[PDB]
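K.L.:
The structure that follows is given in the form of structure tokens.
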Amino acid sequence: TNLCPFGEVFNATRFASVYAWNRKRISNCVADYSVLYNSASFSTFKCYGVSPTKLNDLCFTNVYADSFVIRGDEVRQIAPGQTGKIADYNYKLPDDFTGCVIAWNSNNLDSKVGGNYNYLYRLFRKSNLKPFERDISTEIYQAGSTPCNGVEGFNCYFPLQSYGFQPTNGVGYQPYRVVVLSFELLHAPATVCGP
Amino acid sequence: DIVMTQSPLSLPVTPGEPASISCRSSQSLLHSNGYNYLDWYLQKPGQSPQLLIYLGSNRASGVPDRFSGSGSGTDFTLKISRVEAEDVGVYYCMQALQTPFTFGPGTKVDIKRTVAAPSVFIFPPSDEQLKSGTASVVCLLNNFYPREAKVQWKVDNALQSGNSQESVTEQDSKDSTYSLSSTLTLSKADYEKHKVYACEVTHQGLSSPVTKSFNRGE
Amino acid sequence: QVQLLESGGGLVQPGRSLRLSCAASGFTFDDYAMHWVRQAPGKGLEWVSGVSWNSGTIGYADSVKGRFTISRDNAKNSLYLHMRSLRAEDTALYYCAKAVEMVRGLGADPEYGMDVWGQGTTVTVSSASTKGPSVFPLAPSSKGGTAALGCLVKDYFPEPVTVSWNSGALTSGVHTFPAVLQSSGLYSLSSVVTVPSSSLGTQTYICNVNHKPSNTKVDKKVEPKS
Ligand SMILES: *[C@@H]1O[C@H](CO)[C@@H](O)[C@H](O)[C@H]1NC(C)=O
């Protein structure tokens with residue numbers, strides 16, 4: 001009985017920005033879903049494919065953890081449906097999702113006193129994303145009918161925009177840390193599942 | 001936003017003796033764990049730098065047992081017990097507590113020898129600088145120890161600044177001496193006006209600063 | 001064996017962008033926090049940026065904050081650094097270094113220990129058309145012992161030029177100083193050799209200047225003029 005390292009993804013000191021969400025594999029474990037549900041620190045624990053109270057007897061071929069940091073308001077855009085902006089340009093969920101989303105407030109940690117800069121979010125893309133596609137590339141993006149010769153006027157704006165994350169805003173704007181678990185039962189021997 | 005300092009700024013070492021270097025900070029790096037987060041880094045002449053010590057005093061991997069690290073609070077020291085011919089270059093101390101990190105100005109370690117005095121020469125602009133508007137004067141100092149020395153560019157007692165620059169070479173491998181050279185550039189409007197131009201050198205080995213001067217219109 | 005290869009260098013006018021890339025080969029790329037560290041020309045090092053083991057950046061330097069943008073990719077084992085709105089003060093080498101302590105191997109997570117370093121690139125910025133060197137003589141002072149004479153190269157761009165003396169044979173007594181930078185970006189340097197003065201007035205001394213990008217090999221016969 002060798003437990004699996006979830007503690008290395010939830011208590012990590014640094015989380016990736018939304019447009020470059022971290023994507024970690026987990027395999028060859030005995031995952032303990034008891035802690036992840038009973039905990040009193042989360043503020044949004046949701047599961048779509050399988051209700052939380054029966055995760056102790058479902059063996060998956062593989063499991064992935066996505067991790068990132070989003071605005072407090074926009075946490076209502078991480079869902080199969082419920083499209084919008086962030087789910088439209090940065091991280092889109094597949095429609096037949098079988099997984100869970102865990103979002104909790106981190107007002108104290110991820111917000112500095114004078115104004116942070118390490119967190120950026122995408123804007124101004126050519127077309128809406130497709131499920132799970134990661135686009136970390138930065139290229140100067142065009143407004144309308146104008147050649148893009150490397151510089152910004154009323155023609156080509158730089159996509160990424162910077163979060164402020166001031167420590168004195170209302171509850172609707174302080175950062176929220178999000179971890180999305182995705183389960184997979186591909187044709188292979190079952191490895192990871194609870195005791 | 002943490003500023004360090006190092007001491008001594010530059011020291012000459014001779015192969016077969018220990019040496020000690022001190023790095024000082026502004027805020028004590030004692031973390032809650034009780035570990036100091038200072039690191040000591042080395043750079044050889046002409047290569048990428050390399051790690052010496054991490055976590056205050058824990059010796060890095062692959063380096064010999066001739067280095068020692070000590071200190072705490074806001075003062076740390078590195079001591080080389082038996083220095084050799086392959087311990088010359090630059091040393092830095094780097095924090096790891098409060099981002100962004102920082103590097104010290106750097107200590108310059110070299111090989112010591114007997115003190116020698118520079119030889120001084122002057123060089124006026126040629127006739128190719130009489131049909132081109134640009135006038136350049138060069139003062140040359142060769143075969144001197146140690147690294148420290150300084151120059152005044154003097155024109156009719158009217159010291160100048162800004163326009164005169166300088167450059168020095170590496171330590172000669174055989175006799176361990178340095179060479180400095182200063183240049184002064186100007187237009188074709190004042191060069192043919194002032195008469196006596198002088199390069200003044202100050203160095204420890206000379207009793208008084210030496211002035212080498214030339215006059216216009218031989 | 002562990003390898004860290006970076007690419008992206010080249011002359012770039014001020015007010016543009018670049019995208020440096022560092023590729024790692026020989027270890028589990030996900031258990032090591034990378035760093036990007038500049039190195040000014042003939043000066044001390046300077047930390048620029050970093051990234052932890054979960055693609056979470058750890059802040060940039062105080063004077064650079066606002067433009068640089070770091071990014072990671074564990075699938076392709078790569079670390080990219082996008083760089084926008086340059087100025088003339090951002091010319092330097094750039095190394096990509098690796099941390100030492102693997103994550104969760106022992107309080108907090110590790111970030112120190114820049115142990116393995118790749119050979120950095122040579123990013124530079126300037127606005128000046130490629131111009132050829134100008135060669136100037138430095139005749140002996142004609143004042144005992146051995147007197148020195150040389151030649152000075154001025155207003156050339158870019159590096160490197162190569163200066164020899166007597167076509168290559170004369171090697172004992174040569175001195176050449178690194179290329180200092182000037183007001184308009186056109187560099188300058190000089191070389192000097194010391195020879196016996198009693199042996200100045202009749203012998204032969206020539207310094208040979210070779211510039212590769214401009215494709216020139218000029219000759220200069222240096223002798224006292226009076
Ligand atoms: C670290 O993770 C474990 C379980 O995931 C739990 O104790 C808690 O989330 C963290 N521990 C703390 C905050 O002390």
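Bear in mind these aren't lab numbers, they're just calculated from the coordinates by the rules spelled out. Please note: Cβ atoms are built from the backbone with ideal geometry, for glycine as well, and neighbour counts cover all protein chains shown.
K.L.:
Each residue of the stretch B:202-218 in turn: what ³J(HN,Hα) in whole Hz from Karplus with 6.51, -1.76, 1.60 and θ = phi - 60°, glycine and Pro shown as x?
P.N.:
Calculated HN-Hα couplings, in order: 10, 7, 5, x, 9, 4, 10, x, 9, 10, 10, 10, 9, 10, 7, x, 6 Hz.
K.L.:
Follow-up question, since we're still on this one. What do you get when you divide the Cα radius of gyration of the stretch B:5-111 by 2.2 N^0.38 Å, with N the number of residues?
P.N.:
1.03
K.L.:
Once amide H atoms are placed 1.01 Å from N in the peptide plane, what residues at a sequence separation of 5 or more from C:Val123, or on another chain, have their amide H within under 5 Å of its amide H?
P.N.:
Distant-sequence amide H within range of C:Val123: C:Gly10, C:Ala92, C:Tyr94.
K.L.:
What is the gain in length, in nm to one decimal, between C:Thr204 and C:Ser226 on full extension, counting 0.36 nm per residue of separation less the C-alpha to C-alpha distance?
P.N.:
Answer, rounded to one decimal: 6.2 nm.
K.L.:
Can you give the translational diffusion coefficient of the stretch C:1-94 in µm²/s, computed by Stokes-Einstein from the Kirkwood radius over Cα pairs at 4 °C and 1.567 mPa s?
P.N.:
Estimated via Stokes-Einstein, D reaches 92 µm²/s.
K.L.:
Give me D for the stretch A:13-73 in µm² s⁻¹, whole number, from Stokes-Einstein with Rh from the Kirkwood sum over alpha-carbon pairs, 37 °C and 0.692 mPa s.
P.N.:
Value of D from the Cα-based Kirkwood radius: 237 µm²/s.
K.L.:
Moving on. Which whole-number percent gives the relative contact order of chain B, counting Cα pairs below 8 Å spaced six or more residues apart?
P.N.:
So the answer I get is 17 percent.
K.L.:
Filter B:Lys195/C:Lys225; B:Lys44/B:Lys174; B:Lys193/C:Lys143 down to the pairs with a C-alpha to C-alpha distance above 22 Å, please.
P.N.:
Flagged as over cut-off: B:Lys193/C:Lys143.
K.L.:
While we're looking at this one, here's another question. Would you mind checking the stretch A:4-25 for residues with the amide N under 13 Å from a putative spin-label position 7 Å along Cα→C-beta of A:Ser39?
P.N.:
Counting backbone N atoms under 13 Å from the label point, the list is A:5-13.
K.L.:
Can you grab the distance from the C-alpha centre of the stretch C:141-195 to the C-alpha centre of the stretch B:52-90, Å, no decimals?
P.N.:
39
K.L.:
Turning to a different aspect of this structure: Can you give the average number of partner chain beta-carbon atoms within 10 Å of each beta-carbon in peptide A:10-20, as a whole number?
P.N.:
5
K.L.:
Can you tell me which of C:133-140, B:132-139 comes out highest on packing, and rank the rest after it, using the mean Cβ neighbours within 10 Å?
P.N.:
Per-residue mean Cβ counts within 10 Å order the peptides as C:133-140, B:132-139.
K.L.:
Okay, next question. Set the Förster distance to 56 Å, then compute FRET efficiency between C:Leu170 and B:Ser7 from the Cβ-Cβ distance, nearest 0.05.
P.N.:
0.85
K.L.:
At 0.36 nm per residue, minus the direct Cα-Cα distance, what do A:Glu139 and A:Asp32 gain on full extension? Give it in nm, one decimal, please.
P.N.:
Here the segment from A:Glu139 to A:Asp32 would lengthen by 34.3 nm.
K.L.:
Please report the projected area of the stretch A:76-185's Cα convex hull averaged over all directions, in nm².
P.N.:
It is 9.2 nm².
K.L.:
Averaged across the residues of A:111-120, what count of C-beta atoms belonging to other chains lies within 10 Å of each residue's C-beta?
P.N.:
Average neighbour count from other chains, rounded to a whole number: 2.
K.L.:
Treat chain B as a sphere of radius equal to its Kirkwood radius over Cα pairs and apply Stokes-Einstein at 4 °C in a medium of 1.567 mPa s; give the translational diffusion coefficient in µm²/s, rounded to a whole number. The partial results should precede the final answer.
P.N.:
Numbers: Rh = 20.5 Å.
D, rounded to a whole number, is 63 µm²/s.
K.L.:
How large is ³J(HN,Hα) for each residue in the stretch A:143-150, as worked out from phi by the Karplus curve 6.51 cos²θ - 1.76 cosθ + 1.60 (θ = phi - 60°), to whole Hz, x for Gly and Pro?
P.N.:
Whole-Hz 3J(HN,Hα) from phi for the stretch A:143-150: 6, x, 7, 6, x, 9, 9, x.
K.L.:
Let me check I have the definition right: for the stretch C:93-226, take the eigenvalues of the Cα gyration tensor, multiply each by 5, take square roots. What are those semi-axes in whole Å, largest first?
P.N.:
Each semi-axis is the square root of five times an eigenvalue, giving 45, 20, 12 Å.
K.L.:
In Å, what Rg and Dmax follow from the Cα atoms of the stretch A:56-103?
P.N.:
Gyration radius and largest Cα-Cα distance of the stretch A:56-103: 12.3, 36 Å.
K.L.:
Let me ask something else about it. Where a Cα-Cα gap under 18 Å defines reach, which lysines qualify for C:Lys221, not counting those fewer than 8 residues away within the same chain?
P.N.:
In chain and number order, the partners are C:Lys154.
K.L.:
What ranking do A:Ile136, A:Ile70 get, fewest neighbouring Cβ atoms within 10 angstrom at the top?
P.N.:
A:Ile136, A:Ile70
K.L.:
Using a cut-off of 13 Å between alpha-carbon atoms, which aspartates and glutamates can reach B:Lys154, once sequence neighbours fewer than 8 places away in the same chain are excluded?
P.N.:
Counting by Cα, and skipping residues close in sequence, B:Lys154 has these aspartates and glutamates nearby: B:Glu200.
K.L.:
If I model a spin label as a point 7 Å beyond the Cα along the Cα-Cβ vector, how far apart are those points for B:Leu159 and B:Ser213 in nm?
P.N.:
With each label point 7 Å from Cα toward Cβ, the separation is 1.6 nm.
K.L.:
Give me the number: length gained by fully extending B:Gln27 to B:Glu86, i.e. 0.36 nm times residue separation minus the C-alpha to C-alpha distance, one decimal in nm. Don't skip to the answer; put the middle values down first.
P.N.:
Details: separation 59, 0.36 × 59 = 21.24 nm, distance 3.38 nm.
Result for the pair: 17.9 nm of gain on full extension.
K.L.:
Per 10 Å bin, what percent of the C-alpha pairs of the stretch B:72-113 does each bin hold, from zero upward?
P.N.:
Using 10 Å bins, I get a P(r) of 21, 47, 25, 8, 0 for the stretch B:72-113.
K.L.:
Which three semi-axes in whole Å describe the equivalent ellipsoid of the protein assembly as shown, each the square root of 5 times a Cα gyration tensor eigenvalue, listed largest first?
P.N.:
After diagonalising the Cα gyration tensor, the semi-axes are 60, 29, 21 Å.
K.L.:
While we're here: Among C:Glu89, C:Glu111, C:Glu159, which comes first, second and so on when ranked by fewest other beta-carbon atoms within 10 Å?
P.N.:
Listed from fewest to most nearby Cβ atoms, that is C:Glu89, C:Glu159, C:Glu111.
K.L.:
A further question follows. Pick from A:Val171, A:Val30, A:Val151: which is most flexible by mean-square fluctuation in a GNM of chain A where alpha carbon atoms under 10 Å apart are linked?
P.N.:
Checking each option, the largest mean-square fluctuation is seen for A:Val151.
K.L.:
Rounded, prolate or oblate: pick one for the stretch A:115-166, where a ≥ b ≥ c are the square roots of the eigenvalues of its C-alpha gyration tensor, a/c under 1.5 means rounded, and failing that, prolate if a/b is larger than b/c, else oblate.
P.N.:
Cα axes put the stretch A:115-166 in the oblate bin.
K.L.:
Where does chain C land on Rg/Rh, using Cα atoms and the Kirkwood Rh?
P.N.:
Computed over Cα atoms, the ratio is 1.14.
K.L.:
Report, as an integer, the average count of C-beta atoms from other chains found within 10 Å of each Cβ along C:43-50.
P.N.:
Mean shielding count: 5.
K.L.:
Separation of the stretch B:1-32 and the stretch C:1-60 by C-alpha centroid, Å?
P.N.:
27
K.L.:
Round to a whole angstrom and tell me the spacing of the C-alpha centers of the stretch C:69-123 and the stretch A:102-146.
P.N.:
Cα centroid to Cα centroid, the span is 21 Å.
K.L.:
Oh, and also: Quick one: dipole size for the protein assembly as shown, taken about the Cα centre, charges +1 on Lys/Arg Cβ and -1 on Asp/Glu Cβ, in debye to the nearest 20.
P.N.:
Roughly 980 debye for the protein assembly as shown.
K.L.:
Here is a further query. What ratio of Cα Rg to 2.2 N^0.38 Å holds for chain A?
P.N.:
1.14
K.L.:
Going by how many other beta carbons lie within 10 Å of each one, how would you line up C:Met102, B:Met94, C:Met114, fewest first?
P.N.:
Fewest-to-most Cβ neighbours within 10 Å comes out as C:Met102, B:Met94, C:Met114.
K.L.:
For the stretch B:4-11, just list the computed ³J(HN,Hα) in residue order, Karplus coefficients 6.51, -1.76 and 1.60, θ = phi - 60°, integers in Hz, with x standing in for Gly and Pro.
P.N.:
Taking θ as phi minus 60°, the curve returns 9, 8, 10, 7, x, 4, 8, 10 Hz for the stretch B:4-11.
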